[PDB]
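Read the structure below first, then the notes.
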Amino acid sequence: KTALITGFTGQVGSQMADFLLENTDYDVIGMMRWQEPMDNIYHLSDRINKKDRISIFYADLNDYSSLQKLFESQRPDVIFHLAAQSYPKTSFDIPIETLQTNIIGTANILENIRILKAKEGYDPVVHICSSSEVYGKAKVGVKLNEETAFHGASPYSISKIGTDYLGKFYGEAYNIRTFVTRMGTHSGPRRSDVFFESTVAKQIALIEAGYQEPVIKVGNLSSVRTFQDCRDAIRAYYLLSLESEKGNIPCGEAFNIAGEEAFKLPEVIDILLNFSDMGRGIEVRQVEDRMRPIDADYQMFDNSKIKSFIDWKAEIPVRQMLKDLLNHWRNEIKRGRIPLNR
Amino acid sequence: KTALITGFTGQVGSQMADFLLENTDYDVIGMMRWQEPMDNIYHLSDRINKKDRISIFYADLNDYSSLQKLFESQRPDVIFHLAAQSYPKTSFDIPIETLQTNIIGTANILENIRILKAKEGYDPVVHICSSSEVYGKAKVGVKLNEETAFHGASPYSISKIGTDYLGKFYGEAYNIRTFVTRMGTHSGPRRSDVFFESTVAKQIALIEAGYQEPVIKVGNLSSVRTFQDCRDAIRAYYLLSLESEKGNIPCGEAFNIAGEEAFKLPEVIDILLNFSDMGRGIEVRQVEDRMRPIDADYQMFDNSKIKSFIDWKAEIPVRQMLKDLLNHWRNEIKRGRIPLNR
Amino acid sequence: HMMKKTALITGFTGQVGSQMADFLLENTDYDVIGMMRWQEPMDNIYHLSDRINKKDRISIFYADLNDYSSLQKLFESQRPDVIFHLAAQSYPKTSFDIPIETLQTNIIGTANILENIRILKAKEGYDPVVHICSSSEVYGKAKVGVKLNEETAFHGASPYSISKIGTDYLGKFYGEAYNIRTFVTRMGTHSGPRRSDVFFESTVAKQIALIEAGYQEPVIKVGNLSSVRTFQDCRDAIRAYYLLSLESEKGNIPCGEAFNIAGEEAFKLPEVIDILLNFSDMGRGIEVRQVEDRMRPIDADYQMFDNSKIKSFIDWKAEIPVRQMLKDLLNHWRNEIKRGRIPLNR
Amino acid sequence: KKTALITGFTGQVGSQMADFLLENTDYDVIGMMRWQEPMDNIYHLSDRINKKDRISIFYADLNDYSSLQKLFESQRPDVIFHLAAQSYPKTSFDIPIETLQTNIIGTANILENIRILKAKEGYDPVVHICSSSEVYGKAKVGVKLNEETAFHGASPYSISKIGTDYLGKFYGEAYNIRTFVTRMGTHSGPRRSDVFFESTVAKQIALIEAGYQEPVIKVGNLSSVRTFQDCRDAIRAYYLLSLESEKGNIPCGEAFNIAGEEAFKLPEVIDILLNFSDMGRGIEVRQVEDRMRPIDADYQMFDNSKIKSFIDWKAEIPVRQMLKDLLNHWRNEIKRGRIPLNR
Ligand SMILES: NC(=O)c1ccc[n+]([C@@H]2O[C@H](COP(=O)([O-])OP(=O)(O)OC[C@H]3O[C@@H](n4cnc5c(N)ncnc54)[C@H](O)[C@@H]3O)[C@@H](O)[C@H]2O)c1
Ligand SMILES: NC(=O)c1ccc[n+]([C@@H]2O[C@H](COP(=O)([O-])OP(=O)(O)OC[C@H]3O[C@@H](n4cnc5c(N)ncnc54)[C@H](O)[C@@H]3O)[C@@H](O)[C@H]2O)c1
Ligand SMILES: NC(=O)c1ccc[n+]([C@@H]2O[C@H](COP(=O)([O-])OP(=O)(O)OC[C@H]3O[C@@H](n4cnc5c(N)ncnc54)[C@H](O)[C@@H]3O)[C@@H](O)[C@H]2O)c1
Ligand SMILES: NC(=O)c1ccc[n+]([C@@H]2O[C@H](COP(=O)([O-])OP(=O)(O)OC[C@H]3O[C@@H](n4cnc5c(N)ncnc54)[C@H](O)[C@@H]3O)[C@@H](O)[C@H]2O)c1
Ligand SMILES: Nc1nc2c(ncn2[C@@H]2O[C@H](COP(=O)(O)OP(=O)(O)O)[C@@H](O)[C@H]2O)c(=O)[nH]1
Ligand SMILES: Nc1nc2c(ncn2[C@@H]2O[C@H](COP(=O)(O)OP(=O)(O)O)[C@@H](O)[C@H]2O)c(=O)[nH]1
Ligand SMILES: Nc1nc2c(ncn2[C@@H]2O[C@H](COP(=O)(O)OP(=O)(O)O)[C@@H](O)[C@H]2O)c(=O)[nH]1
Ligand SMILES: Nc1nc2c(ncn2[C@@H]2O[C@H](COP(=O)(O)OP(=O)(O)O)[C@@H](O)[C@H]2O)c(=O)[nH]1
């Protein structure tokens with residue numbers, strides 16, 4: 001049984017590889033562009049060099065011919081489509097590449113599968129990763145469900161609305177075993193440095209090592225996020241893929257997935273500062289270049305639909321996930337891998 | 001005062017240029033790719049050649065640099081963005097170009113305007129044309145209004161969903177005077193041959209001239225729609241454009257726009273056969289190559305929101321619109337411009 | 001269950017592809033597939049509509065050069081034995097200000113076609129003959145008084161020129177790398193009654209026809225007249241494409257071989273205007289004016305040819321006189337205006 | 001203070017051009033990158049960048065025209081080092097569309113933005129368009145390449161630099177934009193990407209030394225000739241050309257071949273890397289199918305007379321030290337647990 005991971009070098013993809021190698025007998029294929037950063041997969045290199053259950057396929061979301069070669073030659077039984085331009089902030093000023101990679105990237109994958117299904121009966125389970133950002137700037141005091149209206153908060157958000165409709169459409173039109181996951185915040189030690197809890201943790205680490213004045217730079221703190229560790233999120237994807245295989249997930253079925261621990265962003269900063277010998281002496285300053293034209297600033301979740309379909313809960317406390325992320329930046333700086341403060 | 005029409009060579013765009021020339025003192029710019037069909041605009045060639053109030057700008061939806069030159073050099077005061085891959089049936093097998101031209105083409109326009117507004121205060125009214133097709137296979141019995149949830153019935157439908165959220169987003173994010181129109185079926189003598197009422201009118205005219213056996217080939221008829229002549233639709237667009245300029249349409253506001261008259265598809269056929277001397281002798285046959293993986297179905301009746309912002313109603317009878325279209329195909333065959341039966 | 005040699009024409013709705021379809025139906029036993037985007041102008045193919053409705057030897061496949069998935073479907077489902085790849089943004093002048101779509105459609109479009117073929121060859125042994133249509137504009141602004149041959153240095157005179165250099169190298173590369181039976185044709189000017197209105201000899205004939213019919217002042221608007229072109233009727237060019245296609249099938253044309261192809265008759269642009277004016281009763285009374293908007297940042301202003309390579313591989317010369325090609329084009333525009341299909345004067 | 005833009009700032013050459021400009025000029029430096037690109041080559045710059053000391057970052061993608069528009073409009077660099085590309089021929093074969101898009105259209109996206117700004121406002125930057133000796137593809141044996149050598153399409157990458165090269169010349173000739181085009185040989189050293197021949201040989205030796213690989217180096221075609229120089233010599237050539245162009249001594253769109261003095265058959269490069277290793281005499285070399293190419297640009301020997309006639313320049317760094325620096329880089333990475341793929 002063969003699993004393809006798109007976005008293998010990313011936060012979630014690299015951890016899905018780890019999870020599948022430790023918890024299944026699956027062969028794993030990691031899709032990447034050849035020059036993608038190795039930071040998340042260095043621990044997998046020897047195993048890949050040894051051809052022990054995991055291999056790399058070189059393909060770009062934006063090269064349909066590369067994806068054709070991948071599906072024709074590898075025929076993955078299950079696909080975790082995690083590859084995307086994942087960052088809303090750059091999507092404002094680089095919106096064309098965000099729309100191309102996320103919407104057209106996903107159409108390039110799904111159309112490749114559709115044609116191979118018509119020709120040869122290829123019938124893979126296809127995980128299409130959407131985002132809770134399809135709900136953009138959601139009304140306060142209400143929890144999100146799978147029928148909550150979509151709001152375009154950013155080109156990234158619109159790109160994920162596109163990804164989402166494509167996932168549902170290809171399932172509904174061609175009976176491909178797609179399911180769509182509208183994820184809240186999933187984080188932990190491999191969270192990209194640009195995301196809120198990771199830039200806060202990283203700036204604390206920079207401050208502790210004397211690289212930055214003891215002022216954390218932030219954007220809008222009037223925002224509510226639900227967190228869980230990727231190690232929990234990934235189990236939900238694996239458990240959904242099994243149900244999809246067994247016939248229990250309708251083609252194109254959508255699911256909101258999040259943790260149970262929700263925070264106003266000042267509470268996350270306070271948790272991270274409490275892990276620092278010098279937290280009592282570190283201030284916070286809102287700066288203009290971290291603000292957004294529209295902020296999707298409220299993500300609270302009713303998880304009743306997902307828990308009705310799989311037997312799953314988040315096990316890792318959010319304080320441990322955050323501590324892991326702070327130690328990660330501490331370790332990078334100690335080793336001379338000085339990050340941007342961004 | 002200068003008006004840009006994207007999709008100038010198309011059904012609606014060509015008729016919008018006629019409306020503005022007859023009813024306003026506006027200078028008119030028609031955007032086109034140089035090789036576009038001239039069928040809808042032969043009657044404007046003379047006055048274009050003579051530089052009388054209308055001019056052509058050569059640009060492509062997929063060439064940002066061509067749109068950059070358009071907005072910088074011409075600075076239209078109002079923009080009717082009608083250019084699209086308009087046909088759902090081809091969108092199934094040519095999905096990438098539908099998504100690229102419709103979503104990214106719209107993003108190319110809106111990001112060009114955005115940057116010009118930030119640099120020089122350029123503040124045009126921007127009609128972003130979406131479609132009732134965003135509602136796709138609508139939930140039987142829910143009242144259909146501007147807050148009904150979208151459904152992705154085709155790559156076309158998803159591309160107009162994309163277009164819709166781009167229009168909304170660029171309005172909300174950057175205070176660009178966008179408004180989004182979700183129009184029901186508009187038709188009349190310039191309806192492209194491929195659309196339902198056009199292919200039926202066209203096949204009847206082929207049968208009346210002995211080019212086809214007296215069998216009309218159709219797809220699914222278990223569909224109900226509102227119809228309006230384009231010349232009514234254009235009035236609604238024009239009147240909205242005035243309200244947007246006056247400050248009365250919030251940036252990014254969306255509007256469903258339905259005709260007065262609703263029909264089952266067999267009833268549209270019955271109206272067309274009754275304009276034929278040989279109507280009593282023509283069979284209708286459903287064939288597979290006209291069937292769609294998903295067939296959209298919505299009763300979009302409720303115009304209470306558009307009627308609240310403009311003094312407007314469809315005035316032209318649908319029977320006259322369908323007769324005009326049948327006569328168009330009769331005239332085309334009579335001139336030896338024999339169309340495909342498609 | 002009767003199986004025929006199948007020809008695909010990309011650019012079926014264009015000047016050359018429309019005439020290639022006519023040629024194959026009259027002179028061969030081939031089934032013809034016309035590739036088009038559905039909304040493409042019908043002007044050049046109205047006379048085929050009845051035949052196509054009747055499923056008599058010619059069909060339409062809807063695909064876009066920029067939609068790889070659409071081409072995959074076309075090659076997988078139809079497996080044409082021979083491909084005339086004529087589809088392009090064909091016009092240098094618009095390429096200056098719409099350069100990205102010119103580069104995407106011509107270079108990436110051609111790459112989408114060839115990569116689809118490469119993959120079907122490796123999997124299933126699909127081995128079509130592939131005509132990759134390039135342009136003498138690969139030589140851009142060539143040194144004056146010298147004949148072009150196939151080893152003449154390339155020059156980038158426009159985004160269109162660079163797109164056809166890209167198209168040309170892709171044609172040679174897929175041939176040399178994967179043993180796809182490509183050949184590349186670097187054509188001079190081929191014209192006649194379906195020449196698009198924007199090209200020199202077409203705009204000049206169109207303007208004369210507008211003047212005769214009372215739609216224009218007796219001034220023809222032109223750009224740079226210090227330019228040399230070699231002309232042949234498309235009806236002669238398509239014969240060369242056909243005969244080269246048979247030689248590729250036969251193993252006589254190495255994968256990715258390039259050929260310059262052009263007519264016998266070369267002219268300075270004013271001579272072309274005088275030939276067309278001499279076909280008009282209004283001809284002695286019409287002035288010629290250079291206007292800024294028909295000028296170009298760089299003009300590929302010299303195209304004369306050593307045709308020795310193509311004539312050594314096929315038994316072929318242009319037979320239609322250019323005066324007859326030009327007369328047919330003027331009569332086309334007269335007919336168009338008579339029928340109320342009033343063109344732009346562009 | 002003069003403003004320099006580097007595209008491909010995170011790459012082998014861009015990152016070293018930033019080092020070179022900071023050390024040798026009073027130029028403000030702008031590094032273009034997509035936000036997620038590898039930090040490997042620029043970690044040593046993060047603190048400078050954080051403290052806004054002469055170097056900054058602008059987020060743009062070659063394939064997003066609007067992002068490049070914001071860059072030239074807002075930042076108006078006086079000099080541009082266009083080094084960003086899909087740089088690798090091997091992946092270009094099976095990922096050809098992205099190579100063509102990023103390299104040809106990416107360059108068009110840059111040059112068209114500059115054209116429109118020059119027309120409107122008189123923006124007149126110097127524009128280094130980096131091409132490749134691979135425009136000459138599979139060249140004739142026994143003959144040096146020069147600027148008039150016939151072009152040959154050896155790979156989608158090769159064709160993508162042919163496109164890039166013609167765009168460089170065209171935008172210069174058509175619009176009098178101060179472009180120059182550089183068709184480089186092999187420039188290498190410690191930041192050389194792991195997939196390239198001398199970097200994969202040197203990396204595989206390091207994996208063998210540290211016990212991560214059997215003592216067999218996997219290679220492709222060894223019947224190939226290359227001319228090497230250290231990137232620290234190449235970047236000096238680009239800089240000197242940028243001064244000449246600013247003075248008005250480089251015709252708009254002028255092309256230059258640039259390469260070092262030291263040429264080698266590939267086996268000779270392997271033998272120099274093995275002699276740096278205590279395990280040298282013990283390691284086999286095995287040609288493998290998955291490193292072979294449909295066409296190989298087999299032969300890169302250079303006539304450098306044109307470049308030496310326009311700037312006062314030659315390669316100074318011996319290629320032996322260049323390869324030593326590369327081998328020691330892969331030793332350090334492995335010793336620090338940054339275990340590379342063996343590809
Ligand atoms: N982690 C979260 O909190 C969160 C929230 C909601 C949704 N998601 C979604 O989950 C998925 C994975 O998130 P992540 O945190 O791992 O993101 P990430 O940024 O860490 O990883 C993105 C991956 O996509 C790859 N990629 C980008 N462009 C590509 C292209 N053109 N071709 C091929 N690969 C390309 C990158 O190289 C990388 O491996 C994404 O779709 C993201 O939008 C994440
Ligand atoms: N008429 C209806 O029933 C209806 C219903 C809902 C929405 N709409 C929307 O109304 C608009 C106009 O409809 P129509 O009937 O006139 O369609 P049409 O097909 O007649 O017009 C399409 C136009 O877009 C242009 N276009 C296509 N691709 C282009 C590109 N790459 N660059 C530039 N121009 C390009 C075409 O040349 C043509 O002018 C479309 O956006 C359509 O989706 C129409
Ligand atoms: N006729 C000449 O004098 C001449 C000279 C040298 C080169 N050529 C080349 O010969 C070929 C044919 O010339 P022509 O006069 O017939 O050109 P044309 O402009 O009449 O036709 C071009 C064709 O390409 C199609 N096309 C354009 N973009 C497309 C896309 N995105 N997807 C699908 N189809 C698309 C058009 O619809 C049309 O059918 C072209 O490649 C042209 O560059 C012609
Ligand atoms: N080093 C050599 O031996 C050599 C030889 C001849 C030519 N060249 C050319 O010199 C230049 C620099 O080479 P290098 O060794 O530094 O290459 P590299 O692979 O080390 O660097 C490539 C750079 O381009 C960037 N890039 C890739 N795609 C991008 C995109 N879509 N948007 C923005 N940036 C993108 C990468 O992120 C990276 O910064 C390239 O143009 C290369 O083709 C190199
Ligand atoms: N990335 C980022 N987000 C911030 C910052 N300060 C506040 N935020 C907010 O943190 C929330 C989450 O942002 P982010 O981590 O980028 O992930 P998102 O959920 O994908 O937008 C948003 O409401 C941001 O506006 C900051 O400095 N960086
Ligand atoms: N185009 C087309 N549509 C048909 C045909 N027969 C039935 N229909 C249906 O008529 C409805 C209108 O389709 P169409 O005219 O293509 O417009 P759209 O789908 O609203 O853009 C859809 O439900 C079609 O599936 C036909 O022969 N052609
Ligand atoms: N299209 C066009 N070309 C013109 C005109 N006047 C002169 N030319 C020149 O005629 C030559 C041929 O141009 P054109 O017909 O576009 O074909 P091409 O440039 O060879 O593809 C070029 O040298 C043009 O500069 C004109 O009015 N229209
Ligand atoms: N990258 C790479 N190239 C190899 C290998 N074995 C031989 N070569 C040859 O080494 C030469 C240089 O290739 P490369 O370093 O990829 O740089 P290029 O000059 O950009 O193709 C080419 O002739 C390759 O065919 C190998 O294992 N990896």
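Just remember, in the structure tokens the first chain shown is A, the second B, etc., residues are 1-based per chain, and ligands are 1-based in the order shown.
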(request) Give me, as a PyMOL selection string, the contact residues of chain B against chain D at a cut-off of 8 Å, counting only C-alpha atoms. (result) chain B and resi 64-65+69+108+111-112+115
(message) Report as number ranges by chain all protein, DNA and RNA residues lying within 7 Å of segment 297-299 of chain C, evaluated on only C-alpha atoms, omitting residues in the same chain fewer than 5 positions from it.
(response) C: 141, 157-158; D: 174
(message) Distance limit 6 Å, reference ligand 7, atoms considered: only C-alpha atoms and all ligand atoms. Which residues make the cut? Give them as an MDAnalysis selection string.
(response) chainID C and resid 91:92 198:200 222:225 227 294 299:301
Would you save the residues from that selection as a short mmCIF file (atom, residue, chain, number, x, y, z; two decimals), in the first residue's frame, using N, CA and C atoms?
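selection_30.cif was written with the following content:
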data_model
loop_
_atom_site.label_atom_id
_atom_site.label_comp_id
_atom_site.auth_asym_id
_atom_site.auth_seq_id
_atom_site.Cartn_x
_atom_site.Cartn_y
_atom_site.Cartn_z
N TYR C 91 1.23 36.90 -34.77
CA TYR C 91 1.32 38.32 -35.19
C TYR C 91 2.42 39.04 -34.41
N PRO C 92 3.52 39.45 -35.07
CA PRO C 92 4.62 40.11 -34.36
C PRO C 92 4.23 41.39 -33.61
N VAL C 198 -4.55 41.78 -40.41
CA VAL C 198 -3.54 42.66 -39.75
C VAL C 198 -2.21 42.61 -40.51
N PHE C 199 -1.94 41.55 -41.26
CA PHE C 199 -0.63 41.38 -41.94
C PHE C 199 -0.57 42.31 -43.15
N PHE C 200 0.65 42.71 -43.50
CA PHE C 200 0.98 43.76 -44.49
C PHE C 200 0.10 43.66 -45.75
N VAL C 222 0.24 52.58 -43.65
CA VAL C 222 1.29 51.52 -43.63
C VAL C 222 2.30 51.88 -42.55
N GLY C 223 3.23 50.96 -42.29
CA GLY C 223 4.41 51.25 -41.47
C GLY C 223 5.65 51.31 -42.32
N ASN C 224 6.63 50.49 -41.97
CA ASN C 224 7.97 50.52 -42.61
C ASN C 224 7.88 49.84 -43.98
N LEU C 225 8.17 50.58 -45.05
CA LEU C 225 8.12 50.02 -46.43
C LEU C 225 9.53 49.61 -46.89
N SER C 227 11.47 47.14 -46.51
CA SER C 227 11.39 45.73 -46.07
C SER C 227 11.20 44.83 -47.29
N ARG C 294 1.97 51.76 -36.85
CA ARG C 294 2.27 50.53 -37.64
C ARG C 294 3.78 50.28 -37.64
N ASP C 299 12.36 45.95 -36.70
CA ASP C 299 11.67 45.33 -37.87
C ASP C 299 12.60 44.28 -38.48
N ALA C 300 12.17 43.01 -38.49
CA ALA C 300 12.80 41.92 -39.26
C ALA C 300 12.55 42.23 -40.73
N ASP C 301 13.37 43.12 -41.30
CA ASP C 301 13.05 43.89 -42.54
C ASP C 301 13.67 43.21 -43.78
#
(request) Could you list the residues in chain C lying within 7 Å of chain D, using only C-alpha atoms, and format the result as JSON, numbers by chain? (result) {"C": [100, 108, 156, 157, 162, 166, 169, 173, 177, 297, 298]}
For the residues in that selection, give me N, CA, C and O atoms as a tab-separated table (two decimals), in the first residue's frame.
chain	number	residue	atom	x	y	z
C	100	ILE	N	3.86	38.25	-22.91
C	100	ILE	CA	3.77	37.08	-21.99
C	100	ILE	C	2.86	36.04	-22.65
C	100	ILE	O	3.30	34.88	-22.74
C	108	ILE	N	5.45	27.48	-24.51
C	108	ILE	CA	4.86	26.50	-23.55
C	108	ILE	C	3.80	25.63	-24.25
C	108	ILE	O	3.76	24.40	-23.98
C	156	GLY	N	16.61	37.82	-32.34
C	156	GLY	CA	15.34	38.06	-31.64
C	156	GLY	C	14.82	39.45	-31.96
C	156	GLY	O	15.33	40.41	-31.36
C	157	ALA	N	13.87	39.57	-32.89
C	157	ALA	CA	13.39	40.88	-33.41
C	157	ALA	C	12.12	41.34	-32.68
C	157	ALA	O	11.72	42.52	-32.87
C	162	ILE	N	11.16	35.53	-30.71
C	162	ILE	CA	11.80	34.75	-29.61
C	162	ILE	C	10.94	33.53	-29.28
C	162	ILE	O	11.52	32.45	-29.02
C	166	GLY	N	12.05	29.62	-29.62
C	166	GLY	CA	11.72	28.66	-28.55
C	166	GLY	C	11.01	27.46	-29.13
C	166	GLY	O	11.43	26.33	-28.82
C	169	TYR	N	13.67	25.33	-31.31
C	169	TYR	CA	14.55	24.51	-30.42
C	169	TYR	C	13.77	23.36	-29.76
C	169	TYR	O	14.35	22.25	-29.63
C	173	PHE	N	14.76	19.64	-30.23
C	173	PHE	CA	15.18	18.98	-28.98
C	173	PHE	C	14.38	17.68	-28.77
C	173	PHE	O	15.03	16.68	-28.43
C	177	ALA	N	16.29	14.18	-28.66
C	177	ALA	CA	16.31	13.58	-27.31
C	177	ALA	C	15.49	12.29	-27.26
C	177	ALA	O	15.96	11.39	-26.60
C	297	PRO	N	9.50	48.54	-32.74
C	297	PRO	CA	10.78	48.85	-32.10
C	297	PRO	C	11.97	48.25	-32.86
C	297	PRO	O	13.01	48.85	-32.86
C	298	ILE	N	11.80	47.05	-33.43
C	298	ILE	CA	12.78	46.36	-34.32
C	298	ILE	C	11.94	45.76	-35.45
C	298	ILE	O	10.92	45.08	-35.14
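Coordinates place atom CA of residue 206 of chain D at a distance of 8.2 Å from atom CA of residue 328 of chain D.
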Where does chain B meet chain A within 9 Å, residue by residue, with the nearest atom pair and distance in Å to one decimal for each, counting only C-alpha atoms, listed by chain and rising number, as a tab-separated table?
residue	atom	partner	partner_atom	distance
B:93	CA	A:111	CA	8.8
B:95	CA	A:107	CA	7.7
B:96	CA	A:104	CA	6.5
B:99	CA	A:104	CA	7.2
B:100	CA	A:104	CA	7.4
B:103	CA	A:99	CA	8.1
B:104	CA	A:96	CA	6.6
B:107	CA	A:96	CA	7.0
B:108	CA	A:96	CA	7.5
B:111	CA	A:95	CA	8.3
B:147	CA	A:149	CA	8.1
B:148	CA	A:149	CA	8.6
B:149	CA	A:149	CA	6.5
B:150	CA	A:150	CA	8.7
B:151	CA	A:165	CA	7.5
B:152	CA	A:165	CA	5.7
B:153	CA	A:169	CA	6.7
B:154	CA	A:169	CA	7.1
B:155	CA	A:166	CA	7.9
B:158	CA	A:165	CA	6.6
B:159	CA	A:162	CA	8.2
B:161	CA	A:162	CA	7.9
B:162	CA	A:162	CA	6.5
B:165	CA	A:152	CA	5.7
B:166	CA	A:158	CA	7.3
B:168	CA	A:152	CA	7.5
B:169	CA	A:152	CA	5.7
B:172	CA	A:294	CA	7.8
B:173	CA	A:293	CA	5.2
B:174	CA	A:293	CA	7.2
B:292	CA	A:173	CA	8.6
B:293	CA	A:173	CA	5.0
B:294	CA	A:173	CA	5.8
(message) What does the list of residues within 6 Å of ligand 2 look like if you count only C-alpha atoms and all ligand atoms, written as a ChimeraX atom specification?
(response) /B:7-13,32-33,36,60-62,82-86,101,129-132,183-187,192
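With atom CA of residue 72 of chain C on one side and atom 16 (O, counted along the ligand's line) of ligand 6 on the other, the separation reads 24.1 Å.
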Could you pull out the residues sitting within 9 Å of ligand 8, using only C-alpha atoms and all ligand atoms, and write them as a tab-separated table (two decimals) with C-alpha atoms, in the first residue's frame?
chain	number	residue	atom	x	y	z
D	87	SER	CA	19.27	26.10	-12.54
D	88	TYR	CA	19.41	22.27	-12.96
D	89	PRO	CA	19.29	20.51	-16.37
D	90	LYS	CA	18.55	16.97	-14.97
D	132	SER	CA	24.51	29.89	-19.55
D	133	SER	CA	27.23	28.21	-21.68
D	134	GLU	CA	24.41	25.60	-22.10
D	157	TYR	CA	16.97	24.07	-19.21
D	158	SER	CA	19.28	24.74	-22.24
D	185	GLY	CA	30.92	28.00	-17.62
D	186	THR	CA	30.92	25.98	-14.36
D	194	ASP	CA	24.32	19.10	-3.94
D	195	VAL	CA	22.89	17.82	-7.31
D	196	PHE	CA	25.66	19.29	-9.53
D	197	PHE	CA	28.46	16.92	-10.66
D	198	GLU	CA	31.43	18.08	-8.48
D	199	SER	CA	29.09	18.76	-5.47
D	200	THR	CA	27.46	15.25	-5.66
D	201	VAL	CA	30.92	13.58	-6.10
D	217	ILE	CA	30.39	6.95	-5.89
D	218	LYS	CA	27.34	6.89	-8.26
D	219	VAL	CA	27.78	9.10	-11.42
D	220	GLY	CA	26.37	9.60	-14.95
D	221	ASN	CA	28.35	10.29	-18.20
D	222	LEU	CA	32.11	10.88	-17.46
D	223	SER	CA	32.97	11.54	-21.19
D	224	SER	CA	32.34	15.27	-20.52
D	225	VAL	CA	34.68	18.34	-20.39
D	226	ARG	CA	34.07	21.33	-18.05
D	266	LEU	CA	35.22	14.65	-15.40
D	287	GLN	CA	27.82	5.00	-13.81
D	288	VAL	CA	24.02	4.62	-13.08
D	290	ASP	CA	19.16	7.50	-13.36
D	291	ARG	CA	22.12	10.01	-13.73
D	292	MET	CA	22.27	9.60	-17.57
D	293	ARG	CA	20.64	12.34	-19.77
D	295	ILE	CA	21.29	14.55	-24.47
D	296	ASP	CA	24.49	15.62	-22.63
D	297	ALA	CA	26.18	19.02	-23.21
D	298	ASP	CA	29.50	16.97	-23.19
D	299	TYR	CA	32.06	19.71	-24.05
D	300	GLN	CA	32.65	23.20	-22.52
D	343	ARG	CA	21.41	12.17	-5.35
(request) Quick one: pick out all helix (DSSP H, G or I) residues within segment 27-241 of chain C from a backbone DSSP run and write them as a PyMOL selection string. (result) chain C and resi 27+46-53+68-78+92-95+99-124+136-139+159-178+200-212+234-241
(request) Rounded to one decimal place, report the atom CA of residue 78 of chain A-atom 2 (C, counted along the ligand's line) of ligand 1 distance in Å. (result)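 According to the coordinates, atom CA of residue 78 of chain A and atom 2 (C, counted along the ligand's line) of ligand 1 are separated by 20.7 Å.
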